[PDB]
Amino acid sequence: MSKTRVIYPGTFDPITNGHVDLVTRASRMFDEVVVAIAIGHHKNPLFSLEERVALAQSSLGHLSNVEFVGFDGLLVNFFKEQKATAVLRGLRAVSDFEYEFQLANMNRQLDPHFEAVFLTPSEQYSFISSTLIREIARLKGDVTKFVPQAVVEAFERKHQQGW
């Protein structure tokens, strides 16, 4: 019996309570979990790589089997470099499901060792996404209930520099 290593890739822009729940659930089932923050070089995230990594560490660093790394390039090359057992993704809607079904099949064609496992959110996180959270924050809504406190403060310090 070997040691399992799953990657959880995303932009995490910012990390939410939904992501936290997924990583916590995953850390019970695999030996190592890698929170893999896509840099988004040609995709314009609101938070920098350093901010997104720090928010993720702050929220999840208490889990001793979770690592945090930024990456770019082809997910399958990262998968190989990392020697992962699988990629993990959350499926919160039908459109998520169809996109991920397609991508898992494309990635398996690029690398036959590739694997993707999916979790479904618990109902109390099911309506949360990073995009929606950015939008509420931007229109000065309170996102406290949906994201870790550190993220709330991070939005206040974008709102303080101006935003």
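So that the term is clear: the rigid core is the largest set of C-alpha atoms that superpose within 1.5 Å between two forms. Heads up: residue numbers just count along the shown sequence, starting at 1.
Of the two stretches examined, 43-51 and 118-126, the one with higher mean CA deviation in 4 other deposited structures of this protein after a rigid core fit is 118-126. Where the structures in 4 other deposited structures of this protein are fitted on the rigid core, 91-99 is the one of 30-38 and 91-99 whose C-alphas sit farther from the shown form on average. Relative to one another, 35-43 and 121-129 have unequal mean CA B-factors, and 35-43 is the one with the higher figure. Comparing 151-159 with 13-21, the stretch with the higher mean C-alpha B-factor in the PDB entry is 151-159. Of the candidates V94, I136, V53, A116, the one whose C-alpha carries the top B factor in the deposited record is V94. Among all modelled residues in its chain, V6 ranks in the middle third by Cα B-factor. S48 sits in the lowest third of its chain by CA B factor, as recorded in the PDB entry. Among the modelled residues of its chain, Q57 has a C-alpha B-factor that falls in the middle third, as given in the PDB entry. Split the chain's modelled residues into thirds by C-alpha temperature factor. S64 is in the highest one.
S27: CA B factor lies in the highest third for its chain, per the PDB record.
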